[PDB]
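**Q** Below you will find the structure I want to go over with you.
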Amino acid sequence: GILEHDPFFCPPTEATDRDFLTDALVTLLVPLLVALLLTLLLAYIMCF
Amino acid sequence: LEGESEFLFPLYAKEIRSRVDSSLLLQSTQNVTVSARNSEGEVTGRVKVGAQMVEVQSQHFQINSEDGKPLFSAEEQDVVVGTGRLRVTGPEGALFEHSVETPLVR
Amino acid sequence: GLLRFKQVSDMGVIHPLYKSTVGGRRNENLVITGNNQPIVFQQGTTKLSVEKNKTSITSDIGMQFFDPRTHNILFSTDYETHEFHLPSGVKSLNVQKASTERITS
Amino acid sequence: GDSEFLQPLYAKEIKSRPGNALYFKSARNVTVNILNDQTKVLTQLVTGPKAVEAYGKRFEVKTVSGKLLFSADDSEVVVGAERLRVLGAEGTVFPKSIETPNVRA
Ligand SMILES: *[C@@H]1O[C@H](CO)[C@@H](O[C@@H]2O[C@H](CO)[C@@H](O[C@@H]3O[C@H](CO)[C@@H](O)[C@H](O)[C@@H]3O)[C@H](O)[C@H]2NC(C)=O)[C@H](O)[C@H]1NC(C)=O
Ligand SMILES: *[C@@H]1O[C@H](CO)[C@@H](O[C@@H]2O[C@H](CO)[C@@H](O[C@@H]3O[C@H](CO)[C@@H](O)[C@H](O)[C@@H]3O)[C@H](O)[C@H]2NC(C)=O)[C@H](O)[C@H]1NC(C)=O
Ligand SMILES: *[C@@H]1O[C@H](CO)[C@@H](O[C@@H]2O[C@H](CO)[C@@H](O)[C@H](O)[C@H]2NC(C)=O)[C@H](O)[C@H]1NC(C)=O
Ligand SMILES: *[C@@H]1O[C@H](CO)[C@@H](O)[C@H](O)[C@H]1NC(C)=O
């Protein structure tokens with residue numbers, strides 16, 4: 001009682017969303033650290 | 001959208017719908033095939049709108065009423081008419097073989 | 001390389017091209033619904049229209065149903081090639097002419 | 001690439017290119033419904049793994065010119081066969097009645 005085999009119907013699996021937290025943390029920490037270093041530099045040679 | 005939308009590779013939609021103001025109109029040129037799969041992922045029953053005839057390939061064809069009362073059923077055993085009435089519109093009519101047993105002729 | 005839409009999508013007109021077969025999601029169902037409109041399949045002249053009330057089929061021959069297990073046509077509408085056998089369960093009959101031989105109660 | 005819709009898709013016409021077939025697939029069922037304004041199911045077709053069941057108020061089959069080759073409504077089942085043949089050897093039993101305008105041995 002089998003008509004076709006069609007080994008191509010592969011539904012997408014239970015693919016959860018990719019974790020954006022790590023990359024967002026990286027691309028938010030890099031400019032945050034840059035801005036903090038900039039503020040330190042501004043204090044250093046603006047107040048001396 | 002506004003216009004066409006080409007699609008390569010399969011389309012794993014959840015529930016296709018139709019516009020309120022227009023009737024959904026699936027179309028093809030060779031055939032339109034609707035399939036189904038068992039727990040083993042194998043095609044067992046399928047309907048096919050072909051070139052000239054609509055072919056239904058399954059194990060038990062059935063036609064029901066809106067509520068759910070059976071109205072017609074064809075399977076491997078024998079065809080069954082559940083409405084309790086048949087009507088042949090052919091000019092040649094029925095051609096019985098030996099005898100007929102009814103309590104009323106109208 | 002897999003887009004995952006997550007909102008009500010209005011694709012308008014869809015044009016499948018190659019290796020694109022509309023399929024249901026992973027192991028639940030595939031429901032096609034028409035909001036107060038008929039759902040009409042088509043192939044040249046052959047049709048299959050799920051309207052309100054009725055469920056019409058239009059073709060030059062008609063519907064044909066056969067069991068794939070044994071490949072014998074269980075019920076065909078091509079009456080000339082496949083004769084019609086009386087289905088069991090009929091309580092009354094309405095024919096244009098009965099060529100019987102004897103009627104008994 | 002592959003596309004998955006997590007929400008009800010909307011479409012107007014699903015055409016197919018010439019020389020290319022249109023396919024519908026699933027893993028459990030293919031259900032075609034029709035809804036009214038209040039959205040209750042009126043007509044419904046289910047292409048199950050083993051059973052193909054049609055619902056509604058009237059199911060009919062007709063030729064392109066228009067001729068009822070089959071129609072199974074609630075009241076009666078009309079069949080367009082030009083001649084129905086019964087091959088029973090011991091006779092047939094109709095519990096209710098027959099309705100003919102002509103009887104001819
Ligand atoms: C519905 O229509 C489509 C297209 O008209 C049918 O698909 C066609 O099926 C035939 C039968 O196998 C294919 O012919 C051969 O296919 C093999 C597959 O490997 C190929 O190697 C051969 O060279 C030859 O082409 C044909 O290619 C295929 N066409 C397409 C576009 O896929 C389908 O069978 C029809 N369904 C029914 C139920 O009739
Ligand atoms: C997919 O489609 C198939 C075929 O339409 C469905 O199987 C059928 O489902 C109905 C509804 O549950 C079953 O009817 C039931 O019958 C029992 C008696 O056996 C009765 O007590 C219930 O009240 C009901 O009327 C029917 O038997 C069943 N046919 C089978 C299993 O061969 C199936 O449910 C569908 N699945 C989904 C997820 O939609
Ligand atoms: C399916 O049912 C609808 C609803 O009863 C029918 O619509 C009727 O159509 C006739 C003639 O076209 C009108 O006079 C009625 O006013 C309609 N009814 C409503 C409620 O609008 C429709 O005709 C039916 N389809 C078929 C093929 O009989
Ligand atoms: C879906 O694919 C992912 C790949 O990341 C895999 O881990 C998961 O097991 C798959 N789910 C199923 C149900 O196969």
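Within each chain, counting starts at residue 1; across the structure tokens, chains are named A, B, ... in the order shown, with ligands numbered 1 upward in that order.
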May I have a table of the residues of chain B lying at most 8 Å from ligand 1, giving each one's closest pair of atoms and their distance in Å to one decimal, counting only C-alpha atoms and all ligand atoms, ordered by chain and ascending residue number, as a Markdown table?
**A**
| residue | atom | partner | partner_atom_place_in_ligand_line | distance |
| --- | --- | --- | --- | --- |
| B:30 | CA | ligand 1 | 5 (O) | 4.8 |
| B:31 | CA | ligand 1 | 1 (C) | 4.9 |
| B:32 | CA | ligand 1 | 1 (C) | 7.0 |
| B:33 | CA | ligand 1 | 38 (C) | 6.7 |
| B:48 | CA | ligand 1 | 38 (C) | 6.3 |
| B:50 | CA | ligand 1 | 39 (O) | 7.0 |
**Q** Give me, as a tab-separated table, each residue of chain D that comes within 12 Å of ligand 2, together with its shortest interatomic pair and the distance in Å at one decimal, counting only C-alpha atoms and all ligand atoms, with rows ordered by chain and rising residue number.
**A**
residue	atom	partner	partner_atom_place_in_ligand_line	distance
D:26	CA	ligand 2	1 (C)	10.7
D:27	CA	ligand 2	1 (C)	9.7
D:28	CA	ligand 2	1 (C)	6.0
D:29	CA	ligand 2	1 (C)	4.9
D:30	CA	ligand 2	1 (C)	7.8
D:31	CA	ligand 2	39 (O)	8.0
D:32	CA	ligand 2	39 (O)	11.5
D:44	CA	ligand 2	5 (O)	10.7
D:45	CA	ligand 2	5 (O)	8.8
D:46	CA	ligand 2	5 (O)	5.6
D:47	CA	ligand 2	5 (O)	6.7
D:48	CA	ligand 2	4 (C)	4.1
D:49	CA	ligand 2	4 (C)	6.6
D:50	CA	ligand 2	32 (O)	6.5
D:51	CA	ligand 2	4 (C)	5.4
D:52	CA	ligand 2	5 (O)	6.8
D:53	CA	ligand 2	5 (O)	6.4
D:54	CA	ligand 2	5 (O)	9.4
D:55	CA	ligand 2	5 (O)	10.9
**Q** Can you tell me, as an MDAnalysis selection string, what residues are no more than 6 Å from residue 12 in chain D when counting only C-alpha atoms, ignoring any on the same chain fewer than 3 positions away?
**A** (chainID B and resid 24) or (chainID C and resid 12:13)
**Q** Please find the residues of chain C near chain D - the criterion being any atom within 7 Å, counting only C-alpha atoms - and write them as a count of residues only.
**A** 59
**Q** Should the cut-off be 9 Å, what would the residue list for chain A against chain D look like, counting only C-alpha atoms, as a ChimeraX atom specification?
**A** /A:9,11-12
**Q** Write a file of the selected residues as an mmCIF file, in the first residue's frame, keeping C-alpha atoms.
**A**
data_model
loop_
_atom_site.group_PDB
_atom_site.id
_atom_site.type_symbol
_atom_site.label_atom_id
_atom_site.label_comp_id
_atom_site.auth_asym_id
_atom_site.auth_seq_id
_atom_site.Cartn_x
_atom_site.Cartn_y
_atom_site.Cartn_z
ATOM 1 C CA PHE A 9 9.874 16.212 1.940
ATOM 2 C CA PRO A 11 10.084 19.719 7.160
ATOM 3 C CA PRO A 12 12.217 22.117 9.209
#
**Q** For a quick test of understanding: name the residues of chain A lying within 12 Å of chain B when counting only C-alpha atoms, and present them as an NGL selection string.
**A** :A and (1-13)
**Q** Any chance you could list, as a ChimeraX atom specification, the residues in chain C that come up strand (DSSP E or B) when DSSP is run on the backbone?
**A** /C:2-5,9-10,13-18,22-23,31-35,39-43,46-50,54-58,64-67,72-76,88,92-94,98,103-104
**Q** Could you please select, counting only C-alpha atoms, the residues of chain B within 6 Å of chain C and state them as number ranges by chain?
**A** B: 1, 4-18, 20, 23-29, 52-59, 79-81, 84-88, 93-96, 99-103
**Q** Just how far from atom 2 (O, counted along the ligand's line) of ligand 3 is CA of residue 90 in chain B, in Å to one decimal?
**A**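 Answer for the CA of residue 90 in chain B to atom 2 (O, counted along the ligand's line) of ligand 3 separation: 28.2 Å.
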**Q** So the first atom is CA of residue 60 in chain B and the second is CA of residue 47 in chain B; what is the distance between them in Å, to one decimal place?
**A**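 Atom-to-atom, CA of residue 60 in chain B and CA of residue 47 in chain B are spaced 12.5 Å apart.
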**Q** Record the distance separating CA of residue 83 in chain C and CA of residue 68 in chain B, expressed in Å with one decimal.
**A**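 Going from CA of residue 83 in chain C over to CA of residue 68 in chain B, I get 29.5 Å.
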**Q** Would you return as an MDAnalysis selection string the members of chain A that DSSP assigns to alpha helix (DSSP H) on this structure's backbone?
**A** chainID A and resid 20:47
**Q** Keeping only N, CA, C and O atoms, write the selected residues to a file as a short mmCIF file (atom, residue, chain, number, x, y, z; two decimals), in the first residue's frame.
**A**
data_model
loop_
_atom_site.label_atom_id
_atom_site.label_comp_id
_atom_site.auth_asym_id
_atom_site.auth_seq_id
_atom_site.Cartn_x
_atom_site.Cartn_y
_atom_site.Cartn_z
N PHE A 20 20.80 35.63 20.21
CA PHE A 20 21.32 36.96 19.91
C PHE A 20 22.02 37.60 21.09
O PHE A 20 22.68 38.63 20.92
N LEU A 21 21.90 37.01 22.28
CA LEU A 21 22.43 37.64 23.49
C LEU A 21 23.95 37.78 23.43
O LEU A 21 24.49 38.83 23.78
N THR A 22 24.65 36.74 22.98
CA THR A 22 26.11 36.78 22.99
C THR A 22 26.65 37.83 22.02
O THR A 22 27.50 38.65 22.38
N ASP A 23 26.16 37.81 20.78
CA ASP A 23 26.64 38.78 19.79
C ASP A 23 26.22 40.20 20.16
O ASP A 23 26.99 41.15 19.96
N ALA A 24 25.00 40.36 20.68
CA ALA A 24 24.57 41.67 21.14
C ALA A 24 25.45 42.18 22.27
O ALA A 24 25.81 43.35 22.31
N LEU A 25 25.81 41.29 23.20
CA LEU A 25 26.70 41.67 24.29
C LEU A 25 28.07 42.07 23.76
O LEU A 25 28.67 43.04 24.24
N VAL A 26 28.58 41.35 22.76
CA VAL A 26 29.89 41.69 22.19
C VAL A 26 29.85 43.07 21.54
O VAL A 26 30.69 43.94 21.82
N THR A 27 28.85 43.29 20.68
CA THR A 27 28.75 44.54 19.92
C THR A 27 28.19 45.69 20.74
O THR A 27 28.09 46.80 20.22
N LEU A 28 27.78 45.44 21.98
CA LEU A 28 27.48 46.51 22.92
C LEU A 28 28.61 46.79 23.89
O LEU A 28 28.78 47.93 24.33
N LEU A 29 29.42 45.77 24.21
CA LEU A 29 30.55 45.94 25.11
C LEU A 29 31.70 46.64 24.42
O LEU A 29 32.40 47.45 25.04
N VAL A 30 31.94 46.33 23.14
CA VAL A 30 33.02 47.01 22.41
C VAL A 30 32.83 48.52 22.38
O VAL A 30 33.75 49.25 22.79
N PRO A 31 31.68 49.07 21.95
CA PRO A 31 31.54 50.53 21.98
C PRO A 31 31.42 51.09 23.38
O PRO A 31 31.84 52.23 23.61
N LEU A 32 30.88 50.33 24.33
CA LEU A 32 30.83 50.80 25.71
C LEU A 32 32.23 50.98 26.28
O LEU A 32 32.54 52.00 26.91
N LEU A 33 33.11 50.00 26.05
CA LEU A 33 34.49 50.12 26.49
C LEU A 33 35.21 51.25 25.76
O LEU A 33 36.00 51.98 26.36
N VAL A 34 34.94 51.40 24.46
CA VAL A 34 35.56 52.49 23.71
C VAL A 34 35.14 53.84 24.29
O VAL A 34 35.98 54.73 24.49
N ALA A 35 33.85 54.00 24.59
CA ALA A 35 33.36 55.25 25.16
C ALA A 35 33.93 55.50 26.55
O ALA A 35 34.23 56.64 26.90
N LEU A 36 34.06 54.45 27.36
CA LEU A 36 34.64 54.62 28.69
C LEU A 36 36.10 55.06 28.60
O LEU A 36 36.53 55.97 29.32
N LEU A 37 36.87 54.42 27.72
CA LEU A 37 38.26 54.83 27.53
C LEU A 37 38.34 56.26 27.01
O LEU A 37 39.22 57.03 27.41
N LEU A 38 37.41 56.64 26.13
CA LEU A 38 37.37 58.01 25.63
C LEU A 38 37.08 59.00 26.75
O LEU A 38 37.68 60.08 26.80
N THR A 39 36.13 58.68 27.63
CA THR A 39 35.83 59.58 28.74
C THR A 39 37.03 59.72 29.66
O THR A 39 37.33 60.83 30.14
N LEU A 40 37.74 58.62 29.91
CA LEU A 40 38.96 58.70 30.71
C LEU A 40 40.00 59.58 30.04
O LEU A 40 40.65 60.40 30.70
N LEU A 41 40.17 59.44 28.72
CA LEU A 41 41.15 60.26 28.00
C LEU A 41 40.76 61.73 28.03
O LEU A 41 41.62 62.61 28.16
N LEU A 42 39.46 62.02 27.89
CA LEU A 42 38.97 63.39 27.95
C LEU A 42 39.24 64.01 29.31
O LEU A 42 39.73 65.14 29.42
N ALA A 43 38.93 63.27 30.38
CA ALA A 43 39.27 63.76 31.72
C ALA A 43 40.77 64.02 31.83
O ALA A 43 41.19 65.11 32.23
N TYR A 44 41.58 63.04 31.41
CA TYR A 44 43.02 63.12 31.56
C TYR A 44 43.60 64.34 30.85
O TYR A 44 44.06 65.26 31.52
N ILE A 45 43.57 64.37 29.52
CA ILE A 45 43.95 65.63 28.90
C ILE A 45 42.70 66.44 28.56
O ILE A 45 42.36 66.62 27.38
N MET A 46 42.00 66.91 29.58
CA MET A 46 41.30 68.18 29.51
C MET A 46 41.51 68.84 30.86
O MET A 46 41.54 70.07 30.98
N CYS A 47 41.73 68.02 31.89
CA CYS A 47 41.88 68.51 33.25
C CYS A 47 43.34 68.67 33.67
O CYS A 47 43.60 69.08 34.80
#
